[PDB]
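**Student:** An experimental structure, sequence included, is below.
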Number of protein chains: 2
Amino acid sequence: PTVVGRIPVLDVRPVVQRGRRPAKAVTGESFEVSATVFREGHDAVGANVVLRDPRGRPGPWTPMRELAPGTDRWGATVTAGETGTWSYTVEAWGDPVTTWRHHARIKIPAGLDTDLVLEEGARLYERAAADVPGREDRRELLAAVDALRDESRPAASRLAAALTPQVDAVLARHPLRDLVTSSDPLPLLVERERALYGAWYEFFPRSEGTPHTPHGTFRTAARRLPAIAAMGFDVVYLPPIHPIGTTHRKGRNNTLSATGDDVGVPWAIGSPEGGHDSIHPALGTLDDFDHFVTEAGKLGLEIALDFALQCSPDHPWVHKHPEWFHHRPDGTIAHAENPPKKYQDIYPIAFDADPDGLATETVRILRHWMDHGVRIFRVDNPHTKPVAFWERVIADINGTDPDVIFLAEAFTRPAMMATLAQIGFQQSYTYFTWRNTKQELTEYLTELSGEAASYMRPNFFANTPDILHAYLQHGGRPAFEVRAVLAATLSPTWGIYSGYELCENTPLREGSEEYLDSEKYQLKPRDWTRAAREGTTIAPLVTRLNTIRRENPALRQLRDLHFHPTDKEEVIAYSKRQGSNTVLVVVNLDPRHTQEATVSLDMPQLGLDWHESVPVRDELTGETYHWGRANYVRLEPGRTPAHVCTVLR
Amino acid sequence: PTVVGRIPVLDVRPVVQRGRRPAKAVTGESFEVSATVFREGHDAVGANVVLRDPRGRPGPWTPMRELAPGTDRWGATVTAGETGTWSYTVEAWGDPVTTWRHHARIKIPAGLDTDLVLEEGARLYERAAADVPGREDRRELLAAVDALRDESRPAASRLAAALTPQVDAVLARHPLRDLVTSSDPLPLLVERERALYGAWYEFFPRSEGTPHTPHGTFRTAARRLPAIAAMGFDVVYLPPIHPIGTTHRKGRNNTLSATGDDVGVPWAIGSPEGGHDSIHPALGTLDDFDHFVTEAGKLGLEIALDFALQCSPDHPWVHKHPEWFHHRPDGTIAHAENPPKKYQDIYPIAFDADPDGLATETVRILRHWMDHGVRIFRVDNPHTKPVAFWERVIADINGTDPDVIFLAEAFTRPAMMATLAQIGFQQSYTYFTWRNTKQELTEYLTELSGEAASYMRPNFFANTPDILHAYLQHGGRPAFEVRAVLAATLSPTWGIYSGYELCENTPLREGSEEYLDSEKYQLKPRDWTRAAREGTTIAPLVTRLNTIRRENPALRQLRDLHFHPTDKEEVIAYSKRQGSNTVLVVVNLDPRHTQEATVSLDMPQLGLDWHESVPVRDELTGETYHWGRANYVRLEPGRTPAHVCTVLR
Ligand SMILES: OC[C@H]1O[C@@H]2O[C@H]3[C@H](O)[C@@H](O)[C@@H](O[C@H]4[C@H](O)[C@@H](O)[C@@H](O[C@H]5[C@H](O)[C@@H](O)[C@@H](O[C@H]6[C@H](O)[C@@H](O)[C@@H](O[C@H]7[C@H](O)[C@@H](O)[C@@H](O[C@H]1[C@H](O)[C@H]2O)O[C@@H]7CO)O[C@@H]6CO)O[C@@H]5CO)O[C@@H]4CO)O[C@@H]3CO
Ligand SMILES: OC[C@H]1O[C@@H]2O[C@H]3[C@H](O)[C@@H](O)[C@@H](O[C@H]4[C@H](O)[C@@H](O)[C@@H](O[C@H]5[C@H](O)[C@@H](O)[C@@H](O[C@H]6[C@H](O)[C@@H](O)[C@@H](O[C@H]7[C@H](O)[C@@H](O)[C@@H](O[C@H]1[C@H](O)[C@H]2O)O[C@@H]7CO)O[C@@H]6CO)O[C@@H]5CO)O[C@@H]4CO)O[C@@H]3CO
């Protein structure tokens, strides 16, 4: 048995881990299946993609084409349907009809062996007809066979009868395929739309309190949901909602020692009041949590809970499961670190003494929150827990509940980030916040929208509680505006952490990416009504960005993205497409100075000719322009961060 | 069961066809095995390559290192021994000692938890000792354990006892490896030296005749072997040695109709006198062929026969096995074509009616020539016969006779050329003759010496009977000289077709790559004695090039090759290394004008510092120079094509 088949079909992509893990898609998403296909000799080959659904049912006829001449690299676009585990195969075959046609077009006007050539064509078309299941189409090919064989007609007329568009049509859907050879099947995991597309908002329920009771409850926090739904968010991400330890608890601004009223850091999970399956008593009860989830659902919001597999020193696990921790020779457990950062309030888990116990307990915890309507988990720092552990835990949850989405908060080196996605994480955080220049954004989004998109789905948080970038610190509100536009239009999933609207940008100290007076360490009441009234919020821009996304399918996918050149370093331009929808975005990356630029569009990449000039509407303002090959733009920070334009007909 | 192991080890290279075919090497050849290796958390990893021989016996301890910081890409050099099918595995592991050392070096001078830290180190070294098989080395580690634990000594002194070079040495050979995780094994086919390294000469025995008998015999042709051995060739490649058809036989200069004395084209195989298992009666008998092989062997020459799986219309197969040919409707067999070229004297084989019959007969033919001492086959135009057919035929021959080498003469698109090598061809012809500028040579040799070298071994024929390049046509003898130097020093296998020495360069017509009066169509007597006497041959340069190769191991491998910049487009410079041997070549690609250039050497790539200046001998002239960072060279066509320098100590 030979590794290569009769008609070579090699290096089918996408492929993840040499076929040991699936390529990814979501319902409705298109991507390209490709292969290297060729044969011996000089005759033509053809190829097609057979996509099989979870019950092994084949998809539609999907013929491939050569992507660039002489490369023998073939491709076709496939579209994922129903969720589940699919497979795809490339079928390669000799294409004797294409070959015969080419020779016949030369030899017949030249008078060379014409009867022999036409009889050869008749024989191919007879064979074509044999594999055609419909009676009417079979008659069309047999009438072509008869015409080809009618020696009473000129040679040119006999040939023309085999080249009619109706004969073409039949052969396009039912070609004659010699020596069909298929690749071994490759696996495709198709997941729900929210895995790829969604707008996220992170906030701390405890901060949304009242004058009488400053520590918010689930009931007070639910009153913030409508303002979040109105900005057009889909997912609400909550920091840990569990009891918080007292031993080594941190104070305000990450001081070592908490005073008596200090609330501590939610990620320092557990006290005698309960662990990862409990509610912080100040937030209320499980029934209050159910009320919160219900009110979320009614406004079109899903809840994403933080899952941080670690413990405060007061978590029950510390005494009940000591082997879940690494102990030094004096019996102490060293607190967690991501140096030079220290987390004195937190003990990390050791996994090598009782891997089974940890997996069992982890999936029980997740299912408990799942039973209370949580179908999305934002997994804290997963790169400090074993990769195979996440692989197991994710396979177990999605095995019974394939709708559950896991987001990996792994800000680390590329290999690890890539592997976590590859072993099951539906979504990943990214380097976005550290990509601010044109060159950085262009290079990074070319990476994420290319081959990486077969295994990673990016979630572009413009900020997090741990990341207030220098760009926002120095640029003020115009920088917040720019970064919202970029995040919302470049990834089908994006997010902000509360206060981003208010352009909160005071760092702990120069050169830091921590916030001063971080919410991680204190209640952070914000006067939302006042901020709305005084117009010192960019909620309206955020709202419009999410509406634009909801109205334009091109913004709800990742893979189709093209950068168009401008003549100013500070002005970036790009387009995204889905079917007839084309969105074209131009952003001034300078938050302090007005920039003017000539944007030169790659017209064929928009589906247009060079001379063509086609109308656009800037959805940020309602204003209409006519744009083609070369366009003047003028963007003033504070008044116009960018144009976000849709193409109309 | 999880796809990723405890310590991730991913994307092991080399890999061919995702592990379905082996990577290649020859006895004595080094190459790099690499992998992506990392772990969770911030502690160090280590890795090593376990090479297993054909009986499953592990090779030596082969620790890998990170190739560039922060990439998590690790590598080590391995060296192939005995021929056969090997395997390689990468083992990844936590490296707790490296981690502990790093922390201990900081914390001990700082006075932080010193007793605890030193006790932790003692415990690692005790564990280290447990897996150490030698008593003396185990004592060295246990003395380090005791020193670490001696609370009567300063903390700095207790630590220094664990960092002694003798403790280092023990741990370098027997490190403490946590959580060892291996990759699945990948296959490696190791073949004999001649698969990679060898100088080849092609000639037509029939042309080396006498005055009485112009058509040479094996006996007259044997008298040419000494002149070939003296030029330092290892392999003699003969065009087909079988009877030649009469029907549609070609005349001189590829005319359609042969006249009565015309000898026809050897590749038009077969007549009633015999087929592929017979000798042309004008060449003599099988016993004469055995004499020829014996005389070859005595001079250090192996014979490579042409194997062209095709037939003249007079080959016995045409009537005895009609299903081995594709017939048109009137019963005729269309002659072979590689358009716009036509081979009216030749019928191609069809493979789809009796694939088994063709494989059986093909291997019988090969074994017959093998029984007569032919262990190398130059396979004619293999890309017009199915890829899986060669896969089968090669697996069958090498299954009993792994020393047999197949050379694929496939001048076609990259996918096919690559696949043929990948499915078993030991050697391939290449694009060399169409790479003549500096940029072309540099780009092409970077491709062949890189990843392609894991599956392809190039054979650089500077010319063939079908390829007289324009560069030789226009450049005359200085161009022949340049191309000999380039071919001989850039690939460990190279070749010429007879008459290249004589600088034969008259084309059929302008714009053609055929020779005028091609040997394919006629006897081509050459007066070798006269050419030697009159000095109108470049045999002496060829001889010296082969001697240089025989004396410098760096020229007998492929993978180590580096191009150094010069300041003239026409002057190329490069170096190759094997252990202590370094060869440095500078060539003037201009055959009409003297070129002067400053060659700027990449010194660290030579194993040297920038300021260093090290002596070289130009092996073409015996002359000695001192070369470093920046060197004046002056190359005059006719007198000095190039410098071929060896580094001495
Ligand atoms: O026939 C049209 C073609 O002819 C002329 O080019 C010469 C050339 O100057 C010579 O060097 C020589 O070519 C060698 C190559 O040097 C050698 O590499 C090999 O070439 C292979 C390529 O390396 C490989 O990529 C592939 O070729 C593909 C290619 O990627 C495609 O882009 C496409 O090529 C077309 C070109 O795009 C187009 O510009 C034009 O080219 C002219 C050329 O300008 C002219 O000066 O047409 C071509 C072909 O239709 O398709 C090819 C697949 O054919 O594989 C090839 C090997 O086939 O081999 C050749 C000679 O053996 O000779 C050519 C012509 O003899
Ligand atoms: O600490 C030394 C380092 O610190 C300063 O850089 C800033 C930088 O200006 C910010 O952008 C930000 O970095 C982000 C990155 O933008 C983001 O991409 C991600 O970075 C990852 C890389 O993308 C990825 O390649 C890998 O990094 C490797 C890297 O390939 C190696 O070459 C090596 O990096 C070293 C550099 O070679 C060396 O120049 C120096 O770098 C300075 C930097 O000049 C300074 O201005 O030291 C580094 C590291 O020792 O090793 C790394 C592996 O760490 O993976 C990284 C992710 O770790 O993430 C960061 C922030 O999350 O912040 C940095 C510092 O915070």
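**Tutor:** It's in. Numbering: from 1, shown residues only, chains lettered A, B, ... in the order given. Ligands and ions are numbered 1, 2, ... in the order given.

**Student:** Can you give me the buried ones in the longest helix along chain A?
**Tutor:** Longest helix in chain A, counting residues (DSSP state H): helix A:470-490. By 16 or more other Cβ atoms under 10 Å in any protein chain shown, the buried positions in helix A:470-490 come out as A:470-473, A:475, A:477-490. The way it works is simple: take the backbone N, C-alpha and C, and place the C-beta from them, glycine included.

**Student:** Over to stretch A:141-150?
**Tutor:** Going by neighbour count (16+ other Cβ under 10 Å), the buried part of stretch A:141-150 is A:141, A:142, A:144, A:145, A:147, A:148, A:149.

**Student:** List the contacts of the residue in chain A positioned nearest to ligand 1.
**Tutor:** At 2.3 Å from ligand 1, residue A:70 is the closest residue in chain A, using Cβ to the nearest ligand atom. Contacts for residue A:70 (Cβ atoms under 8 Å, 6 or more residues apart in numbering or on different chains) come out as residue B:413.

**Student:** and residue A:139, how many neighbours does it have?
**Tutor:** With neighbours defined by other Cβ atoms under 10 Å in any protein chain shown, the count for residue A:139 comes to 13.

**Student:** so is it in a helix, a strand, or just coil?
**Tutor:** What DSSP: H, G, I helix; E, B strand; the rest coil gives for residue A:139 is helix.

**Student:** so how far is ligand 2 from it?
**Tutor:** 63 Å (Cβ to the nearest ligand atom, to the nearest Å).

**Student:** Can you show me the helices along the stretch 51-200 of chain A?
**Tutor:** A:96-107, A:114-130, A:135-148, A:155-160, A:165-173 (DSSP state H, counting those that start in this stretch).

**Student:** excluding its backbone neighbours, what's nearest residue A:598?
**Tutor:** Once flanking residues are discounted, residue A:598 sits nearest to residue A:567: 5.0 Å by Cβ to Cβ, 6 or more residues apart in numbering or on different chains.

**Student:** and chain A, which of its residues are near ligand 2?
**Tutor:** A:411, A:412, A:413, A:414, A:431, A:434 (Cβ under 6 Å from any ligand atom).

**Student:** could you dump those to a markdown table with secondary structure?
**Tutor:** Shown next, in a markdown table, are these (three-state DSSP):
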| residue | secondary structure |
| --- | --- |
| A:411 | coil |
| A:412 | coil |
| A:413 | coil |
| A:414 | helix |
| A:431 | coil |
| A:434 | helix |
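
**Student:** closest to residue B:458 among the residues you listed?
**Tutor:** Distance to residue B:458, by Cβ to Cβ, is smallest for residue A:414 among the residues of chain A next to ligand 2, at 33.8 Å.

**Student:** which residues touch residue A:597?
**Tutor:** So residue A:597 contacts A:566, A:567, A:568, A:570, A:571, A:586, A:632, A:633, A:635 (Cβ under 8 Å, 6+ apart).

**Student:** Does it belong to a helix, a strand or coil?
**Tutor:** Secondary structure assignment for residue A:597 (three-state DSSP): strand.

**Student:** beta partners for it?
**Tutor:** Note on residue A:597: beta-bridge partners residue A:633, judged by DSSP bridges.

**Student:** returning to that earlier point: between which two of the buried residues of stretch A:141-150 is the distance greatest?
**Tutor:** Greatest spacing in these, by Cβ to Cβ: A:141 and A:149 (12.8 Å).

**Student:** hmm, back to that, looking at the helices of the stretch 51-200 of chain A, which one is packed in the most?
**Tutor:** helix A:114-130 (a mean of 19; mean count of other Cβ atoms under 10 Å in any protein chain shown).

**Student:** mind listing what's buried in stretch A:358-367?
**Tutor:** Applying a neighbour-count criterion of 16+ other Cβ under 10 Å, one finds A:358, A:361, A:362, A:363, A:365, A:366, A:367 buried in stretch A:358-367.

**Student:** Figure out how far that stretch is from the centre of its chain.
**Tutor:** In terms of Cα atoms, centre = their mean, to the nearest Å, the centre of stretch A:358-367 is set 26 Å apart from its chain centre.

**Student:** go on, stretch A:132-145?
**Tutor:** The answer for stretch A:132-145 is 45 Å, by Cα atoms, centre = their mean.

**Student:** Report whether it contacts chain B.
**Tutor:** No. Between stretch A:132-145 and chain B, judged by Cβ under 8 Å from any Cβ of the partner chain, nothing touches; the nearest distance is 13.8 Å.

**Student:** related to what we said a few turns ago, including distance to residue A:581, could the buried residues of stretch A:141-150 go into CSV?
**Tutor:** Shown next, in CSV, are the buried residues of stretch A:141-150 (distance: Cβ to Cβ, whole Å):
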residue, distance to residue A:581
A:141, 39
A:142, 44
A:144, 41
A:145, 45
A:147, 45
A:148, 45
A:149, 50
